[PDB]
Amino acid sequence: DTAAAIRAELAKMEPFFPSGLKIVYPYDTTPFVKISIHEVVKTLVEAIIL
Amino acid sequence: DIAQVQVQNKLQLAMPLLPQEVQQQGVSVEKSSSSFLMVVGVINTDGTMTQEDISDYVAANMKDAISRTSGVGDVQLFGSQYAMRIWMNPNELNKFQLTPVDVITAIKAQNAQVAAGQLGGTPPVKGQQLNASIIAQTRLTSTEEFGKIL
Amino acid sequence: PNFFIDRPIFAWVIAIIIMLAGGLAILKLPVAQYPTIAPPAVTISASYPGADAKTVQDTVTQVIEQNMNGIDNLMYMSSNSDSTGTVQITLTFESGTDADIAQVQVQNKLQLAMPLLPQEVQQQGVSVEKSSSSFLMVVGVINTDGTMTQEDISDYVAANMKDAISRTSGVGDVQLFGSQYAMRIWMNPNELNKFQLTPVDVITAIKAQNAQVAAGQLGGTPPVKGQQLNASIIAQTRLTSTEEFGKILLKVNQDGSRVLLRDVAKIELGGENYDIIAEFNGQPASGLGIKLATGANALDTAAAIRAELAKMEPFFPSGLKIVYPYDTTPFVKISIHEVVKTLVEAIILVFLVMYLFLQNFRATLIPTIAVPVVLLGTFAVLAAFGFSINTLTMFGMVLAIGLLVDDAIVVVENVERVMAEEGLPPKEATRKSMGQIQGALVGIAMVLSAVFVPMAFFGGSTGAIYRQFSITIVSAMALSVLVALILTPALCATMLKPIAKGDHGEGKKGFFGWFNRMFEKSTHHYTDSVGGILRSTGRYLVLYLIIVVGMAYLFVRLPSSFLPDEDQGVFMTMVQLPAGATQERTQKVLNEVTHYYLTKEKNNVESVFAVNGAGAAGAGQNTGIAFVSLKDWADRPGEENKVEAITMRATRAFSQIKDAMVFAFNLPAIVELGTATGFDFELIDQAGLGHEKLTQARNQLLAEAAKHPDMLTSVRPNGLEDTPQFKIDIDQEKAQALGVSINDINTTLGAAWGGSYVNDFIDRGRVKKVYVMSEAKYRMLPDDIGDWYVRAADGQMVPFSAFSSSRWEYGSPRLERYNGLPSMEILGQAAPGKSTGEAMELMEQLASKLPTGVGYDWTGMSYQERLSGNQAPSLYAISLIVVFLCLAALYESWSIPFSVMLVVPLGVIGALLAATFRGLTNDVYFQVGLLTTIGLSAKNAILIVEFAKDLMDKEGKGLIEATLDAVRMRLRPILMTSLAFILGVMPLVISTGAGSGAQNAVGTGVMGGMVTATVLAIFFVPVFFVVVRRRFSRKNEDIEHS
Amino acid sequence: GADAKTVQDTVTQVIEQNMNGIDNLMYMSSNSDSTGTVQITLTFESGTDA
Amino acid sequence: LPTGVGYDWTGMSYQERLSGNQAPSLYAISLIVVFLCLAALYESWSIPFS
Ligand SMILES: CCCCCCCCCCCCO[C@@H]1O[C@H](CO)[C@@H](O[C@H]2O[C@H](CO)[C@@H](O)[C@@H](O)[C@H]2O)[C@H](O)[C@H]1O
């Protein structure tokens, strides 16, 4: 949630950035929690199929 | 929240016993994680700017708002904000028989905001008919005026 | 359930228990006008004496905006930087945040920013406060003999009254309106110059001869052996008289003469600040703003306060009387009076219908006993969930009466019917019938809470308002069904008199009952007709479809509101003069208005409170406000004696026949909220741009919305436009040359024109301030600059005309910020037929038209709502799904739930009809009303279809016959209730006097809905059941006899 | 160094004046010292959140 | 004592003043709780009086 809010703020700042200003994302504990818990959900449903 | 309250309430009792340099450079009390949740990157692709230009765009356009994001404990700057940098020459200073202290005092004097007053100020005189703001000594703005500092 | 029919004492005991806890809750329960509705806001306020807008924006404001981070649950941060030297930072938080925690976090981050502040600001005190704008009452304090000036009075407040009122029980906050006494030293520049002295020396003097000093002690520790005395050293003491301040030395002259302060400057006890000058019916006054304690009872806080003032009455100085310019309390006294009045009347009407319909006295005593119990209990259930007796919760009960009343009636009736039909003894009739309506009763509770709880989960201020009604009503309802299953059956089975089989009393009596045949005949007429319509149904299906499309049309073409505006015994008129105007001019206007209300409204206006210096627009000499109090409502009978009409003739009065802008208006009801069809735009300077560029973008947008009057309407900025300001360019070179310290130039200039808080002194036992400033006559006009001289290094005086060049420029008097950044506020509302949303979309489109570095944003009201409207469809989809699921349980049908759900429009067409022909608007009271109405139609249809199904299944009767019999036996109760309801509500629909806006809002929609819904349902429901029932199954069939 | 009567109507009663609308306050008592310390105790309704 | 000299209890004596002023109320309710209860379990309306 904290992270989703921050992505909202950065997005609200995007159009007023100087010429050439891109944001990069070198490190975030977020994508692992997301894809990991999603694989566990994949598994429950798969398991119901079996 | 409460722990933070009890802690900062002891910190303010310690504050007067602190240095003025320490005091005004700012002390912070935070309920934070010891690990970064995330690291946000800022670059320029078309490389029309050095790291400082960037460091300042970050510190001057983004970092205040990100640290006001609800739920964000600490934000660390990989870089720094812009500052008025006065880099003294020991030789060219000694030549004129002046010391760093005089640089300090000078800047303190020719650069400031000043409580002025008001034309038609309150409490006025009978029938009086003009009210306006006195604009006095204002902070310096550009770099060059720091050269015209006498 | 059946259980109590054989245990009437146990029932009585639970009843008593509910009554006692409820009565206990009634005794120790809070009262307020409204609950907490607005999101939490905490403001940091600070003042920088003499400084200008840009100064306070650039010495404090930005320093604080930068130091306020990592504070929990922040929504938005908005601030004013005033050229009156005050800076205010609003931090508005997410709704439901711990108010107190937020305020604590804000004030501790500020306590960290404090060392980075100016020394003057730091020492004047920065304050952190919670921001409800809702004072319980505003007490005026005056003098009759023109004995004392307003500074005198203000001080009298601060030194004699303010403390005891804050000792009054139930008073959680006392705010002071005015300024305290100060030691005011008004320098004379001429007699200052005569003696070659500058304000600087005045400063240094006053700081020096007036001070407390760390002394010490005789017999101090560790003393010497045998030592014999311990006592206190009393040293240099602060001054006490004004006179002692006259005797302070500024210089010794060579010829032995001394130069005292008394000489260069007039010295007197006078106001800490003179911006705001207040007059009460012309006579001078000061004021006290009392806020209700947290969770406290309003009526007793007010009563206690008036009593406290009376206990102080004989101790007031000559001519000092206390007045009450603003008081929420009688609005609440009278509204409470009206709600209970309605409840008892309603009870009376249910007795009157119950007699003039069942005419058996002990029958009529049953529902009479029922509801009191239920009310009481709901008060306890509410108390348990931490509410108070306030407007919203009470009109929630007023709405609940319908459901309570119906439930009681349903039971008593059905029992009576079972007797007059079958010849059962009272009790056996009771088990037959409780056992007849039971499932319908639990189901109706499930469906009623199924529509009423989803609206509890609305978010934001809108969500709070809904939450009140939702809980009050569901609790009243759930208790009414428990009571309908435990006590009512007990009361039925026990105290009810037995009826002869096939009685109907179809005559027997001469005086009172010549009606029973008339009703009997007609109830058969009715069912005759119903079968008749069940013959050809199609035509009637058409009628329905028509009714619905029409209902939609009525729904769309009806106006949305938030709440009905209320004459509250009080209104106000605001006054705005041309930029840079004078205290004395604004004051002149305000005296004129004051008189207008005291003239052309000799009979309506009780008292007028003119405040010069503080307004709507902001602070400054340039603005005024008028607080206008109105006579008690009994003395204002007519249509012309009401606030709408008054504010009309006053705005009409001060528009055409004035030289400056004067609006007159009435406050909203929940006094901190928004203008239903309006919005609050924030135009934000996003790039490293300029104030000049931002304002130009603002003009640009004002123009582009000027081009769209079919969508947006009267779109306007909410700030102060630029004023001409006086620039003093100091030549650093010349001043350093002629031998003058720039500091001496600055601080003499300051202490001359802006003033300086120097030291503190102790009057009568209370520490106050010491201000040194020019005299009036030497600091008004720009030329006066010349009268002030700066002493040089050597010992010589220097005119400002020697090193200071001067001019005029433009500048801004009010510098606004949004989220740390430079911003500009833009208020507005939508076109007459157009929706606030459309107007907002167009506004985003226009603001998108702006130059680069210009972003846009929403704040306040527009924030809370842009979140909240996303939810009505979702919550109501939840509701349909849940209710259908419930009815799907109750029968054992996935389809029969449609024969009752199909009934919902029947009631709406009455509400929408009734609002439009009455000229009302689609607001809360109307919406809660619509739901309430849906609630009765759903109840009745659920009972009808239950009965129908029951004869079909557990009696093997046919279809058309079964529904026939059904609607037959359940005609009478329907009609009984609806008679009761329409009669109790009717007062709400036809009422003026206090609070009648809300009362009409409830009453109308409801009444219209009741009428069309029952007088439609008795015909449309049977077709619903029948037509639906005929989409199942394989023959099977249509039917009968097994 | 200040005296009792000094610290009491400069510090004690000044601070005692804002102690209204405090939830669950039972009683408030305060001391004023010429040894230089000034102290105000707030005793609260039993079961109040400390 | 002379007019304007009032009196009070605090701390131990306060709390004691409390238990004293609460004893009758306690006996009213607790007696009444039981009357209500026996009238319930024992369907008799009379068993409570005796
Ligand atoms: C609570 C107060 C109620 C106030 C209502 C005021 C009056 C208006 C509503 C009454 C509507 C009923 O009007 C009803 O029409 C149907 C058929 O369409 C009639 O039925 C009649 O026509 C159909 C065919 O055309 C046949 O079945 C025929 O045998 C005959 O009964 C009913 O005999 C009549 O009673």
# chains A, B, ... in the order shown; residues from 1 in each chain; ligands from 1
>>> residues_around(residues="residue 32 of chain D", least_positions_apart="3", cutoff="12 Å", atoms="only C-alpha atoms", output="JSON list (two decimals) with N, CA, C and O atoms, in the first residue's frame")
[["chain", "number", "residue", "atom", "x", "y", "z"],
["D", 1, "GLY", "N", 15.53, 31.16, 40.69],
["D", 1, "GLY", "CA", 15.56, 32.32, 41.58],
["D", 1, "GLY", "C", 14.27, 33.07, 41.88],
["D", 1, "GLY", "O", 14.18, 33.74, 42.91],
["D", 2, "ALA", "N", 13.28, 32.98, 40.99],
["D", 2, "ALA", "CA", 12.01, 33.70, 41.16],
["D", 2, "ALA", "C", 11.34, 33.25, 42.45],
["D", 2, "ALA", "O", 11.75, 32.27, 43.07],
["D", 3, "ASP", "N", 10.31, 33.95, 42.89],
["D", 3, "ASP", "CA", 9.72, 33.56, 44.16],
["D", 3, "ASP", "C", 8.44, 32.83, 43.86],
["D", 3, "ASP", "O", 8.03, 32.79, 42.71],
["D", 4, "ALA", "N", 7.81, 32.24, 44.89],
["D", 4, "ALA", "CA", 6.59, 31.41, 44.73],
["D", 4, "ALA", "C", 5.45, 32.14, 44.06],
["D", 4, "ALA", "O", 4.85, 31.64, 43.10],
["D", 5, "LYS", "N", 5.14, 33.32, 44.58],
["D", 5, "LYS", "CA", 4.05, 34.14, 44.07],
["D", 5, "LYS", "C", 4.36, 34.53, 42.62],
["D", 5, "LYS", "O", 3.45, 34.64, 41.82],
["D", 6, "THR", "N", 5.65, 34.69, 42.27],
["D", 6, "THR", "CA", 6.08, 34.99, 40.88],
["D", 6, "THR", "C", 5.81, 33.82, 39.89],
["D", 6, "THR", "O", 5.06, 33.96, 38.92],
["D", 7, "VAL", "N", 6.40, 32.66, 40.16],
["D", 7, "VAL", "CA", 6.25, 31.52, 39.29],
["D", 7, "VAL", "C", 4.81, 31.05, 39.25],
["D", 7, "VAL", "O", 4.41, 30.44, 38.27],
["D", 8, "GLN", "N", 4.03, 31.30, 40.31],
["D", 8, "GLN", "CA", 2.61, 30.88, 40.32],
["D", 8, "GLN", "C", 1.64, 31.65, 39.41],
["D", 8, "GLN", "O", 0.67, 31.07, 38.90],
["D", 9, "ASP", "N", 1.84, 32.95, 39.23],
["D", 9, "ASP", "CA", 0.98, 33.71, 38.32],
["D", 9, "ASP", "C", 1.72, 34.15, 37.02],
["D", 9, "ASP", "O", 1.33, 35.09, 36.32],
["D", 10, "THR", "N", 2.82, 33.45, 36.73],
["D", 10, "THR", "CA", 3.57, 33.65, 35.49],
["D", 10, "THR", "C", 3.67, 32.32, 34.76],
["D", 10, "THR", "O", 3.67, 32.26, 33.53],
["D", 11, "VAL", "N", 3.75, 31.25, 35.54],
["D", 11, "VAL", "CA", 3.87, 29.90, 35.02],
["D", 11, "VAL", "C", 2.65, 29.03, 35.49],
["D", 11, "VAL", "O", 1.90, 28.54, 34.64],
["D", 12, "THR", "N", 2.45, 28.83, 36.81],
["D", 12, "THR", "CA", 1.38, 27.95, 37.35],
["D", 12, "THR", "C", -0.03, 28.24, 36.86],
["D", 12, "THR", "O", -0.65, 27.38, 36.27],
["D", 13, "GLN", "N", -0.57, 29.43, 37.13],
["D", 13, "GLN", "CA", -1.95, 29.72, 36.73],
["D", 13, "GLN", "C", -2.11, 29.85, 35.19],
["D", 13, "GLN", "O", -3.20, 29.61, 34.64],
["D", 29, "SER", "N", -3.99, 19.59, 40.96],
["D", 29, "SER", "CA", -3.34, 20.32, 42.06],
["D", 29, "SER", "C", -1.93, 20.77, 41.66],
["D", 29, "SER", "O", -1.23, 20.03, 40.97],
["D", 35, "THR", "N", 12.50, 27.97, 45.45],
["D", 35, "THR", "CA", 13.72, 27.24, 45.11],
["D", 35, "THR", "C", 13.77, 27.06, 43.60],
["D", 35, "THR", "O", 14.70, 26.47, 43.05],
["D", 36, "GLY", "N", 12.74, 27.59, 42.94],
["D", 36, "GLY", "CA", 12.69, 27.69, 41.49],
["D", 36, "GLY", "C", 11.97, 26.64, 40.66],
["D", 36, "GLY", "O", 11.92, 26.77, 39.45],
["D", 37, "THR", "N", 11.43, 25.60, 41.29],
["D", 37, "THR", "CA", 10.70, 24.58, 40.53],
["D", 37, "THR", "C", 9.18, 24.82, 40.63],
["D", 37, "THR", "O", 8.68, 25.24, 41.65],
["D", 38, "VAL", "N", 8.44, 24.59, 39.56],
["D", 38, "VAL", "CA", 6.98, 24.70, 39.61],
["D", 38, "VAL", "C", 6.30, 23.44, 39.04],
["D", 38, "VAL", "O", 6.61, 22.99, 37.93],
["D", 39, "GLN", "N", 5.41, 22.83, 39.81],
["D", 39, "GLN", "CA", 4.89, 21.54, 39.40],
["D", 39, "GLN", "C", 3.37, 21.34, 39.45],
["D", 39, "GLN", "O", 2.76, 21.53, 40.48],
["D", 40, "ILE", "N", 2.77, 20.91, 38.33],
["D", 40, "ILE", "CA", 1.31, 20.68, 38.29],
["D", 40, "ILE", "C", 0.91, 19.21, 38.05],
["D", 40, "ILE", "O", 1.18, 18.67, 36.99],
["D", 41, "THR", "N", 0.28, 18.58, 39.04],
["D", 41, "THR", "CA", -0.26, 17.22, 38.91],
["D", 41, "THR", "C", -1.74, 17.14, 38.44],
["D", 41, "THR", "O", -2.64, 17.78, 39.03]]
>>> residues_around(residues="residue 68 of chain B", least_positions_apart="3", cutoff="8 Å", atoms="only C-alpha atoms", output="ChimeraX atom specification")
/B:64-65,72 /C:68-71,74
>>> write_last_selection(atoms="N, CA and C atoms", output="mmCIF file, in the first residue's frame")
data_model
loop_
_atom_site.group_PDB
_atom_site.id
_atom_site.type_symbol
_atom_site.label_atom_id
_atom_site.label_comp_id
_atom_site.auth_asym_id
_atom_site.auth_seq_id
_atom_site.Cartn_x
_atom_site.Cartn_y
_atom_site.Cartn_z
ATOM 1 N N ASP B 64 10.125 16.155 -1.070
ATOM 2 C CA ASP B 64 9.192 16.651 -0.042
ATOM 3 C C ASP B 64 7.856 15.912 -0.107
ATOM 4 N N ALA B 65 7.351 15.721 -1.321
ATOM 5 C CA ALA B 65 6.081 15.028 -1.502
ATOM 6 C C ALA B 65 6.147 13.528 -1.206
ATOM 7 N N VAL B 72 5.340 6.327 4.671
ATOM 8 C CA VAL B 72 6.763 6.334 4.316
ATOM 9 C C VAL B 72 7.492 6.902 5.533
ATOM 10 N N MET C 68 7.513 19.219 8.006
ATOM 11 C CA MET C 68 6.303 18.419 8.297
ATOM 12 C C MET C 68 6.192 17.132 7.500
ATOM 13 N N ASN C 69 7.110 16.200 7.700
ATOM 14 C CA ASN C 69 7.051 14.934 6.992
ATOM 15 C C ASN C 69 6.988 13.756 7.961
ATOM 16 N N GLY C 70 6.564 12.608 7.448
ATOM 17 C CA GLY C 70 6.487 11.373 8.215
ATOM 18 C C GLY C 70 5.456 11.400 9.328
ATOM 19 N N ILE C 71 4.424 12.206 9.114
ATOM 20 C CA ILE C 71 3.271 12.275 10.000
ATOM 21 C C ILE C 71 2.134 11.394 9.455
ATOM 22 N N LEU C 74 -1.678 11.446 6.298
ATOM 23 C CA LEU C 74 -1.918 12.790 5.796
ATOM 24 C C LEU C 74 -2.617 12.716 4.456
#
>>> select_by_dssp(residues="chain B", states="alpha helix (DSSP H)", output="PyMOL selection string")
chain B and resi 2-14+20-25+51-61+63-67+90-95+100-110
>>> interface_residues(of="chain B", to="chain A", cutoff="12 Å", atoms="only C-alpha atoms", output="PDB file with C-alpha atoms, in the first residue's frame")
ATOM      1  CA  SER B  35      15.858  -1.837   5.655  1.00  0.00           C
ATOM      2  CA  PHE B  36      14.924   0.111   2.540  1.00  0.00           C
ATOM      3  CA  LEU B  37      11.531  -0.899   1.183  1.00  0.00           C
ATOM      4  CA  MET B  38      12.517   0.476  -2.239  1.00  0.00           C
ATOM      5  CA  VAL B  39      15.047   2.705  -4.113  1.00  0.00           C
ATOM      6  CA  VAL B  40      13.700   5.152  -6.712  1.00  0.00           C
ATOM      7  CA  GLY B  41      15.872   5.937  -9.695  1.00  0.00           C
ATOM      8  CA  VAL B  42      16.179   9.315 -11.407  1.00  0.00           C
ATOM      9  CA  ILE B  43      18.288   9.856 -14.548  1.00  0.00           C
ATOM     10  CA  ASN B  44      18.617  11.837 -17.735  1.00  0.00           C
ATOM     11  CA  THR B  45      18.780   9.688 -20.886  1.00  0.00           C
ATOM     12  CA  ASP B  46      19.627  12.343 -23.449  1.00  0.00           C
ATOM     13  CA  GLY B  47      22.345  13.331 -20.942  1.00  0.00           C
ATOM     14  CA  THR B  48      21.759  17.065 -21.106  1.00  0.00           C
ATOM     15  CA  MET B  49      22.635  17.400 -17.380  1.00  0.00           C
ATOM     16  CA  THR B  50      25.195  16.498 -14.742  1.00  0.00           C
ATOM     17  CA  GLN B  51      24.309  14.687 -11.512  1.00  0.00           C
ATOM     18  CA  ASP B  53      21.161  19.280 -11.830  1.00  0.00           C
ATOM     19  CA  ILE B  54      19.306  16.023 -11.195  1.00  0.00           C
ATOM     20  CA  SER B  55      20.042  15.798  -7.448  1.00  0.00           C
ATOM     21  CA  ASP B  56      18.457  19.214  -7.203  1.00  0.00           C
ATOM     22  CA  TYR B  57      15.462  18.397  -9.371  1.00  0.00           C
ATOM     23  CA  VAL B  58      14.795  15.413  -7.052  1.00  0.00           C
ATOM     24  CA  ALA B  60      13.372  20.308  -5.055  1.00  0.00           C
ATOM     25  CA  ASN B  61      10.444  18.693  -6.791  1.00  0.00           C
ATOM     26  CA  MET B  62       9.882  15.153  -5.520  1.00  0.00           C
ATOM     27  CA  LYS B  63      11.436  14.313  -2.128  1.00  0.00           C
ATOM     28  CA  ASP B  64       9.192  16.651  -0.042  1.00  0.00           C
ATOM     29  CA  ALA B  65       6.081  15.028  -1.502  1.00  0.00           C
ATOM     30  CA  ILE B  66       7.378  11.459  -1.276  1.00  0.00           C
ATOM     31  CA  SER B  67       8.321  11.913   2.364  1.00  0.00           C
ATOM     32  CA  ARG B  68       4.799  13.311   2.934  1.00  0.00           C
ATOM     33  CA  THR B  69       3.400  10.118   1.390  1.00  0.00           C
ATOM     34  CA  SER B  70       1.479   8.551   4.233  1.00  0.00           C
ATOM     35  CA  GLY B  71       3.253   5.413   5.476  1.00  0.00           C
ATOM     36  CA  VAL B  72       6.763   6.334   4.316  1.00  0.00           C
ATOM     37  CA  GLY B  73       9.142   6.465   7.285  1.00  0.00           C
ATOM     38  CA  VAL B  75      13.778   8.860   2.612  1.00  0.00           C
TER      39      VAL B  75
END
>>> interface_residues(of="chain D", to="chain E", cutoff="12 Å", atoms="only C-alpha atoms", output="PyMOL selection string")
chain D and resi 26-29+42-46
>>> write_last_selection(atoms="N, CA, C and O atoms", output="short mmCIF file (atom, residue, chain, number, x, y, z; two decimals), in the first residue's frame")
data_model
loop_
_atom_site.label_atom_id
_atom_site.label_comp_id
_atom_site.auth_asym_id
_atom_site.auth_seq_id
_atom_site.Cartn_x
_atom_site.Cartn_y
_atom_site.Cartn_z
N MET D 26 -10.08 14.10 36.93
CA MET D 26 -10.75 14.11 38.22
C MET D 26 -10.39 15.36 38.99
O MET D 26 -11.29 16.13 39.36
N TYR D 27 -9.10 15.54 39.28
CA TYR D 27 -8.68 16.77 39.96
C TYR D 27 -7.27 17.25 39.63
O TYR D 27 -6.39 16.51 39.19
N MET D 28 -7.07 18.54 39.79
CA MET D 28 -5.83 19.14 39.38
C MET D 28 -5.21 19.93 40.54
O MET D 28 -5.87 20.81 41.09
N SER D 29 -3.99 19.59 40.96
CA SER D 29 -3.34 20.32 42.06
C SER D 29 -1.93 20.77 41.66
O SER D 29 -1.23 20.03 40.97
N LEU D 42 -1.98 16.36 37.39
CA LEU D 42 -3.33 16.03 36.90
C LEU D 42 -3.72 14.61 37.23
O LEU D 42 -3.18 13.69 36.63
N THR D 43 -4.66 14.41 38.15
CA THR D 43 -5.12 13.05 38.46
C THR D 43 -6.43 12.72 37.70
O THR D 43 -7.43 13.47 37.79
N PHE D 44 -6.44 11.58 37.00
CA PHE D 44 -7.50 11.30 36.03
C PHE D 44 -8.53 10.27 36.49
O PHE D 44 -8.31 9.59 37.48
N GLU D 45 -9.69 10.22 35.81
CA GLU D 45 -10.73 9.23 36.09
C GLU D 45 -10.14 7.85 35.99
O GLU D 45 -9.40 7.57 35.04
N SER D 46 -10.48 6.97 36.93
CA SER D 46 -9.84 5.65 36.96
C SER D 46 -10.29 4.88 35.71
O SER D 46 -11.48 4.82 35.39
#
>>> residues_near_ligand(ligand="ligand 1", cutoff="12 Å", atoms="only C-alpha atoms and all ligand atoms", output="number ranges by chain")
C: 519, 522-543, 971-979, 1010-1020, 1023
>>> write_last_selection(atoms="C-alpha atoms", output="PDB file, in the first residue's frame")
ATOM      1  CA  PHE C 519     -65.317  -1.740   5.483  1.00  0.00           C
ATOM      2  CA  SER C 522     -65.541  -2.814   0.459  1.00  0.00           C
ATOM      3  CA  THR C 523     -62.883  -5.363   1.375  1.00  0.00           C
ATOM      4  CA  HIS C 524     -64.908  -7.843  -0.673  1.00  0.00           C
ATOM      5  CA  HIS C 525     -65.294  -5.245  -3.433  1.00  0.00           C
ATOM      6  CA  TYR C 526     -61.555  -5.154  -3.404  1.00  0.00           C
ATOM      7  CA  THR C 527     -60.807  -8.796  -3.754  1.00  0.00           C
ATOM      8  CA  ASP C 528     -63.605  -9.134  -6.405  1.00  0.00           C
ATOM      9  CA  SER C 529     -61.691  -6.605  -8.333  1.00  0.00           C
ATOM     10  CA  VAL C 530     -58.299  -8.206  -7.838  1.00  0.00           C
ATOM     11  CA  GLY C 531     -59.405 -11.494  -9.277  1.00  0.00           C
ATOM     12  CA  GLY C 532     -60.827  -9.401 -12.034  1.00  0.00           C
ATOM     13  CA  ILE C 533     -57.504  -7.952 -12.892  1.00  0.00           C
ATOM     14  CA  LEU C 534     -55.829 -11.314 -12.555  1.00  0.00           C
ATOM     15  CA  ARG C 535     -58.009 -12.377 -15.434  1.00  0.00           C
ATOM     16  CA  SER C 536     -56.366 -10.077 -17.987  1.00  0.00           C
ATOM     17  CA  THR C 537     -52.846  -9.406 -16.719  1.00  0.00           C
ATOM     18  CA  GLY C 538     -51.057  -8.106 -19.827  1.00  0.00           C
ATOM     19  CA  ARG C 539     -52.756  -4.721 -19.811  1.00  0.00           C
ATOM     20  CA  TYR C 540     -51.603  -4.393 -16.261  1.00  0.00           C
ATOM     21  CA  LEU C 541     -48.022  -5.494 -17.089  1.00  0.00           C
ATOM     22  CA  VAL C 542     -48.020  -2.556 -19.486  1.00  0.00           C
ATOM     23  CA  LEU C 543     -49.261  -0.211 -16.805  1.00  0.00           C
ATOM     24  CA  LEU C 971     -55.870  -5.916   3.283  1.00  0.00           C
ATOM     25  CA  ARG C 972     -56.972  -4.666   6.650  1.00  0.00           C
ATOM     26  CA  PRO C 973     -53.552  -4.591   8.281  1.00  0.00           C
ATOM     27  CA  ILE C 974     -52.027  -2.860   5.290  1.00  0.00           C
ATOM     28  CA  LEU C 975     -54.631  -0.224   5.461  1.00  0.00           C
ATOM     29  CA  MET C 976     -54.273   0.120   9.235  1.00  0.00           C
ATOM     30  CA  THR C 977     -50.589   0.813   9.100  1.00  0.00           C
ATOM     31  CA  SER C 978     -50.745   3.132   6.140  1.00  0.00           C
ATOM     32  CA  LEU C 979     -53.407   5.121   7.840  1.00  0.00           C
ATOM     33  CA  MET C1010     -46.684   5.561   1.249  1.00  0.00           C
ATOM     34  CA  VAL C1011     -49.715   6.634  -0.642  1.00  0.00           C
ATOM     35  CA  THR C1012     -48.739   5.459  -4.100  1.00  0.00           C
ATOM     36  CA  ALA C1013     -47.080   2.280  -2.812  1.00  0.00           C
ATOM     37  CA  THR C1014     -49.918   0.795  -0.841  1.00  0.00           C
ATOM     38  CA  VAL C1015     -52.634   2.082  -3.104  1.00  0.00           C
ATOM     39  CA  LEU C1016     -50.717   0.432  -5.917  1.00  0.00           C
ATOM     40  CA  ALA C1017     -49.543  -2.642  -4.139  1.00  0.00           C
ATOM     41  CA  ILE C1018     -52.957  -3.914  -3.196  1.00  0.00           C
ATOM     42  CA  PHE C1019     -53.387  -4.387  -6.998  1.00  0.00           C
ATOM     43  CA  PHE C1020     -49.965  -4.956  -8.449  1.00  0.00           C
ATOM     44  CA  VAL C1023     -50.319 -10.006 -10.350  1.00  0.00           C
TER      45      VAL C1023
END
>>> atom_distance(atom1="atom CA of residue 78 of chain C", atom2="atom CA of residue 822 of chain C")
10.0 Å
>>> closest_residue(among="B:2, B:113, B:126, B:12", to="chain D", atoms="only C-alpha atoms")
B:2
>>> interface_residues(of="chain E", to="chain C", cutoff="9 Å", atoms="only C-alpha atoms", output="JSON, numbers by chain")
{"E": [36, 37, 39, 40, 41, 42, 43, 44, 45]}
>>> write_last_selection(atoms="N, CA and C atoms", output="compact mmCIF listing (two decimals), in the first residue's frame")
# COMPACT_ATOMS: atom_id res chain seq x y z
N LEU E 36 -35.49 -9.46 39.28
CA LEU E 36 -35.75 -9.68 37.88
C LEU E 36 -35.43 -11.10 37.46
N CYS E 37 -34.27 -11.61 37.87
CA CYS E 37 -33.85 -12.98 37.54
C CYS E 37 -34.73 -14.09 38.09
N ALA E 39 -37.80 -13.90 38.99
CA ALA E 39 -39.05 -13.81 38.26
C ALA E 39 -38.93 -14.49 36.88
N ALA E 40 -37.72 -14.53 36.32
CA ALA E 40 -37.50 -15.22 35.04
C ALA E 40 -37.43 -16.75 35.16
N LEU E 41 -36.39 -17.29 35.81
CA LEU E 41 -36.24 -18.75 35.86
C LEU E 41 -37.49 -19.38 36.45
N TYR E 42 -37.92 -18.83 37.57
CA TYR E 42 -39.12 -19.27 38.23
C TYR E 42 -40.20 -18.40 37.67
N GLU E 43 -40.96 -18.95 36.73
CA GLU E 43 -42.04 -18.22 36.08
C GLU E 43 -42.94 -17.45 37.04
N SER E 44 -42.82 -17.75 38.33
CA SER E 44 -43.65 -17.07 39.30
C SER E 44 -43.22 -15.64 39.46
N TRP E 45 -44.24 -14.79 39.56
CA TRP E 45 -44.13 -13.37 39.76
C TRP E 45 -44.01 -13.05 41.24
